[PDB]
Amino acid sequence: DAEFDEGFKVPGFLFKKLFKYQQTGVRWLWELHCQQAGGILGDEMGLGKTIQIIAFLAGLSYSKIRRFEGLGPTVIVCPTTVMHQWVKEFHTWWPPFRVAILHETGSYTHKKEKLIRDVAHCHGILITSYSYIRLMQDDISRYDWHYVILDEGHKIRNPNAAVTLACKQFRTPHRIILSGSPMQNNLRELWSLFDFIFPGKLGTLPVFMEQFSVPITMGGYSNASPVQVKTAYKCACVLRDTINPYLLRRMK
Amino acid sequence: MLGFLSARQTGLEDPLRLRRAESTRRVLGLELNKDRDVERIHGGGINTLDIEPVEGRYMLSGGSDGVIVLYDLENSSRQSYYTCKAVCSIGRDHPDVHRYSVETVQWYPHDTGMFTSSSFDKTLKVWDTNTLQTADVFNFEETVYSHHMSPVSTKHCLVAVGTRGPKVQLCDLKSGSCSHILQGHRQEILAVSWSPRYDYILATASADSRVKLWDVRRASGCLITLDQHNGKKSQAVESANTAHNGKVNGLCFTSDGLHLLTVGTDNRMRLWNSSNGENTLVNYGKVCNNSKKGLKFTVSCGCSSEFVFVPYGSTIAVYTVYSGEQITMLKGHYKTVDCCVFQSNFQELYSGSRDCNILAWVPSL
Amino acid sequence: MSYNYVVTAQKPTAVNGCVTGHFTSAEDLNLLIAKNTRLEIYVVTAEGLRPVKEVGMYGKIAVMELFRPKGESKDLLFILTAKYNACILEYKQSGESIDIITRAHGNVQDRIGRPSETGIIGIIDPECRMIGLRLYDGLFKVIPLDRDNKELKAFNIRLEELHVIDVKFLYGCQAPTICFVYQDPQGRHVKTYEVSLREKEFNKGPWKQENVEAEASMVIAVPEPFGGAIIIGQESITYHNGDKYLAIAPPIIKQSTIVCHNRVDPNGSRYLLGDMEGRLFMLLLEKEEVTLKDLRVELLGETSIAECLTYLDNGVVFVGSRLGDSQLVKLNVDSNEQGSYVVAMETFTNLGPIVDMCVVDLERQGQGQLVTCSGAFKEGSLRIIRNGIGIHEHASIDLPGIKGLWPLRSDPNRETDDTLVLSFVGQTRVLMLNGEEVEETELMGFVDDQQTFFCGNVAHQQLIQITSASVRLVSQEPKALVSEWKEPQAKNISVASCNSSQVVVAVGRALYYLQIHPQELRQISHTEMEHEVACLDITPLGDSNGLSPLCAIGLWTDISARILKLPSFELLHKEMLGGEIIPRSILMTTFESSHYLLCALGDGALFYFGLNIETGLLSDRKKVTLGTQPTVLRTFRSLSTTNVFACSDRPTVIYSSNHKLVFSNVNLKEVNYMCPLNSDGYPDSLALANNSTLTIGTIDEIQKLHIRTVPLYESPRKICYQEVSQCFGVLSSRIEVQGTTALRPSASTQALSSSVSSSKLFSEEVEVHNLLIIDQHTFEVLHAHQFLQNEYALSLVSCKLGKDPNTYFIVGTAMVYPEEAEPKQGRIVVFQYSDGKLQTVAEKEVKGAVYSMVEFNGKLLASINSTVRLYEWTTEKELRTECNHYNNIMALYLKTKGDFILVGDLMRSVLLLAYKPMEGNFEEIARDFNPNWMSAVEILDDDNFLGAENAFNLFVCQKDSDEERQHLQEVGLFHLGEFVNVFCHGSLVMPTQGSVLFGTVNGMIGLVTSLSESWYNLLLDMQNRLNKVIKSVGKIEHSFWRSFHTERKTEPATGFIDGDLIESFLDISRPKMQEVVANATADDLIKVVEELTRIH
DNA sequence: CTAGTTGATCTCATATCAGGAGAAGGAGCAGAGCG
């Protein structure tokens, strides 16, 4: 079995299945787990980011690292269209995770609050939709979640939407985002995503805008004075190295 | 002393014995040396002094007049009497001189070529000692009470900055990122101090009567909040868990970093277990401070028993850290003492004060 | 940059720690002794100790404990170094080869931390579940062992008691439980914690804290039947098991504190306890049915002051002393009629703390001879150290032109060599040497008209003689010659060889093999070889039958050492030597392990190979160059083993110690021939023939350094030599208790004459200080001048001042009263030694302790507490101040060269002072502004100033190249690992420049010398490569070991060549050597390293 | 009871001159104590 520096025994019969970039991503995720910080798996689509997440969480459960004897209760907030896919992925990679879906389709056939209580009581792997986070935002956030994975976390791109507030109402240090593009329109979305994964790293959104967004866009025009473009370049460099150790993005 | 010399010479006692015992004796014999002077260059009160950590030869000094002075503390003259000459100075004519009071100044640890200084002009300037020019400036939205670089981190080179804002700014001197903020305090952060033991432990003290230990890697708030009582008065943490009954205006880790000394405007100094933030219940008596800004105080290093030199009004009160017994009061200043700094190489003390003087305390005999 | 070469003349001898266990094998009982950097592994035989290995750590061994993990066959050794290198070592013996494999290693230093006052404690759980280390205050470092680390990843547990005095792991505990005595302001308490390896924290201990004695300082974990702990304090011994609390306060242990302890039994019914006075106690636990009924302490006797002590078996105890000779004592059941059961069996020399020393060219030779103030309180002594074997001649006979020596027993009944046959040019001369009487007589059976190539006693109560023509077998008992063999062609014999059974003679190019039988000389094996014969030897080794099965030869024109099969004279092995000089001497001899073949040339070259009894194959060729003249080898069996002797213009006794061959010098002029001799009057004596006479002497020990011991029974402090008076002035100190009473007769109390200081200037246990005048021949205390009450004699200088011609002993003293921290009073007394009496010539009351004095161009340079002043000696015979210097914290060390004064300060470290004579005052030339706490200082050259820091470092300051010219630059840095007490110019022997010896607290005598830049660069490169090749015991890096180290500074060494590492270059096999010398040839570097080893 | 379909309902994106009279504050200042 592959072993990391402090001791994180990712099983050999899973770790061997990953690709080189996937193993690098698991390494990066576990570095975050040691620093007790969150990140963005900003790898574009098709590389496979769910495989990295299940591999890392499975290694964290088998390695029994500890708070919690191994991995505790984790919540995965993904669009409905992929929820069942997620459970199948777990069930084919690491069976012994008691994975459960929170949905009207579901499988619980009883009160959903009882499902949250039971799953947390077994340190299970619970999958929701963003709407359920928004609606039960007071209820679902009472059972000491150990991980929060916002798959397709660009649903958080708006720092105003009720889904953003409900998702930022979680308390764990561990916040991972699986988005093919952290930003889509402008830097509001980058700020919102970083406010999710790491509450304090980037400043308050006013500060962030006034330091980064306005200078960069002002230096994005070809009629800008030379001072403007040079300041835009410098500020872009500062934002890049500030976000370097927490956004793992790989291209094709 | 002859018994000590013989025991060192014959191997009965470890030489560590003679070092620590004689250093302790020198600290207890610490007294105002009129046989040594520091050249008076500040037109205003000295708020901060910092002797370089490597070689302990040069000292920085920041005054309320906004100037910085860089002194040589070695007796380069052959006489037994000398004046600590001012090597360099960021004076009123330096283009980068601070517009307001220099409240803190710190040598770059690991090398003497760089030092950083913060002011009430809402700037933390990084100075290249050799050229005596600013290499970087960190502007903040509100006036800085204290800054500190980790004396121990070979990995990160963050400056923890406490301003009047409720947030603690972390500025990376390695490529410049002053965006990180540690939130959880409610009033001005009057003191910040990195642990000398752990690269990433930062203790921050604020006017909201709380001291918090942070793990700047962590993304989930303060590790520990210091509590006077340790649980005797326990409340859902919204207003309780105060380190002091007033503003906490001074922080200092002990030499080994296993304890933290906090001084607050409740006229108390408390000693805390730096790992679980438990009050050690060391008494220290009454430690008079009414400072409205950060109070810079130091501890001894490399002695048999550790000491803390705390500004006590116009005097410097010397206490034993782990018993509270006040060793003495060094009385030579004419106004309130703002900062004292310890030369561990020779058990010497330098104290600045609002009387625009820096007094050297040397061991007698 | 400066270029210095440091080497160890005498390895440290003080034992800082010893443990016993089954380390070398599951069945053996080992005694492992840690001397400072040397680890000595012994095997405890029924008699004495048989050494097996001595390894050098790259580290000061701070902790050393043997432990047996589950499943291990034999004990592993845990070593922690002062620099915090931890290693677990296993002993793996593969036949002849012995190795110390490092099963794990690491560095356990916390980057910051207050090193604990009491010092490094290292304890091991009795079930080997963990190693606890207390290195720093407030932390307790844990190295788990069930988890097989190779890096010893260790974790701290925060220990809330910040001043822990001692700690042990308790026995019989489900979990690892530490029991420690700690000091808090309310007193000393014994507390227990259980260490939880999985939670990595302490848990509540089995038994609550107990408030104990004020000076409770030692904890003894008591084995499983009882469990619990015994806390030894100053006045009481208390036992805790959680509910049982026994206490005794034996008055007998109140006199001194117990500093070492040891469990005699496996169930801990008996403990040995050693105190600072050297008493040895037995603590007995009387059981009841099992619980413990009561404790008893009884005084067994007296030993050396034990640092550690170990019970081996059968009442034999190894007493490890740092201050005196270690001892191996025996515990008899009954007293010796003087109340003591302790009987010292053996004493191991310890140059204890070398507090001062002088190199005196005593015996008016050209060789220095260290005289050291060694030892301490009861163990104080003067040790005289010289690099020589010590002929110790008893008689001589002036017999010019000797060419042969052989011992003979002319009397049949006697087994003694009471006759000597000698060959000179063409004839045979016999000498009777009956008892002490020596005369020249003729013995029956020997031809006086033919030369004697060889002769000797053989079996069958027979003698045999090989002359240049024939061989004559003398029947000693019945009559004259009865068996004689003559070469058929009447060719002369060119070389001879013979042993107790057989013969091998060389005639021209042909060899004849003869076997001696009663009334018979039978030839068996014969051949005519390729070239002429040069030298031979057939001495049987490990004979066990009566015959040697092998042969060694040297041939001409194919210069090579060949081996032959004796019955057939076939060619077994060949090693080619080369050169234009034929071999002269060939010998085969056992050295402590197996058979070695020693072959030498006519130019002093000498080759030793490792020979085997089956094949006869020479392996591990190593070459050594001794002498510039031909050599011969002769074998003599000393007390211990055979010590071959090399006879040349540089006579050199060869033997092997600790399974390595070494070359001890013999310091007479020249030795052509030698032979052993044990006559009724001469036991184990030699017979050294030179060109002129035959000196008949014995050699005491052959340890390279001969160490005399002059027991003082009191701590010596200073020593200076007065040549005109033929004496040493030695400042000594003895501890008297009460008015006052000497605890024992010390040398000061037993002088020929005596005197007391009667001075008009100034008007438990106390130290009385004396000035001892010691005769430099007989080393008897000719005089003992006692100093005033409460006066500490610190410095002592011998010199002549001013212009008067008298030589004075000038003592600087200080007045010590317990109410003060620094002497405010002291005096300088000028004595003159004449007529066996010590008159006081002058005095000068000064206002501080005179820590140091040096005579300075006829003036006296003293250093009173912080002032350095120069005194003039007036015609009136009084000392008059001339100039002062005040800019010091405490000027402890003063040296001088010309007009410059090097002042070593207590903590400002050096100041180069110059006495500018035209003005009459001092001037600070330069200063080193680092805060190095000095232990000694020295001046190497006009511009190099050596200093020894109190953190076991050496540094060299150099006058630099304006105000930056006042900064001395530390151009040399080196972590010596020893606390140097004294530097002194001189060398112990008759490329390198200068020579500074130094003595240390552990007994190391080292030697510093300057190299040139060329040599320094070459040797630094080799040093780097030997680090690349030599493998250290704890896998410690040499660079890390020699790194200058202080709690506030650490730099790699610079400007210093560890001569020890270089001289290990001779102790490696040829392939490894070839690896070392990749990028000139190896033999060149042998020239260099040999020339380097000659300097010490 | 179980899906499956179908509406409602909600969340989230992307755009740049012929008044008067009184009350309250404030300022200039004369003067009186008074340390």
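Numbered from 1 within each chain, the chains take letters A, B, ... in sequence-line order.
In this structure, CZ of A:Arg188 is placed 11 Å from P of D:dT14, rounded to the nearest angstrom. Remark: P of D:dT14 and CD of A:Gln184 are 6 Å apart, rounded to the nearest angstrom. As a whole-Å value, the separation of A:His154 NE2 from D:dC12 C1' is 13 Å. Rounded to whole angstrom, the span from the NE2 atom of A:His103 across to the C1' atom of D:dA3 amounts to 15 Å. Put simply, CZ on A:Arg157 is 6 Å from P on D:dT14, counting in whole angstrom units. A:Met183 places its CE atom 15 Å from the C1' atom of D:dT14, with the value rounded to the nearest Å.
Dashed line: the shortest gap from a side-chain N or O of A:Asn158 to OP1 or OP2 of D:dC12 is not under 4.0 Å.
Taking the six-membered ring where the residue is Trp, the centroids of A:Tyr246 and A:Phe198 are separated by under 6.0 Å.
A:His146 and A:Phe68 have perpendicular rings, their planes meeting at more than 60° on a 0 to 90° scale where under 30° would count as parallel.
The neighbouring residues D:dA8 and D:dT9 form a stacked base step, their six-membered rings being less than 5.5 angstrom apart at the centres and less than 30 degrees apart in plane orientation.
If you check every strand for non-hydrogen atoms under 4.0 Å, A:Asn160 touches nothing.
At D:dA23 the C1'-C2'-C3'-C4' dihedral is negative, so the sugar adopts a south, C2'-endo-type conformation. D:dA8: sugar pucker south (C1'-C2'-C3'-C4' torsion negative).
A:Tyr62 is linked by a side chain to side chain donor-acceptor pair (under 3.5 Å) to nothing, counting only residues two or more places apart in sequence or in another chain.
Here the rule is side chain to side chain contact (heavy atoms under 4.5 Å, CB included) with B:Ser179, and of A:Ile243, A:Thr204, A:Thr242 only A:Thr242 fits it.
Residues A:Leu29 and A:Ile53 meet the side-chain proximity criterion, which asks for heavy atoms closer than 4.5 Å. Taking 4.5 Å as the limit, every side-chain heavy atom of B:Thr163 sits out of range of all side-chain heavy atoms of B:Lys122. Between B:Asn249 and B:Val263 the shortest side-chain heavy-atom distance falls below 4.5 Å.
Here the side chain of B:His42 pairs no donor or acceptor atom with the backbone of B:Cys356 at under 3.5 angstrom. A side-chain donor-acceptor contact under 3.5 Å links A:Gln52 to the backbone of A:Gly48.
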Distances under 3.5 Å only, N/O to N/O: pair up the protein atoms with those of nucleotides 9-11 of chain D.
none

For nucleotides 5-8 of chain D, print each protein N/O atom paired with a nucleotide N/O atom at under 3.5 Å, atom names and distance only.
none

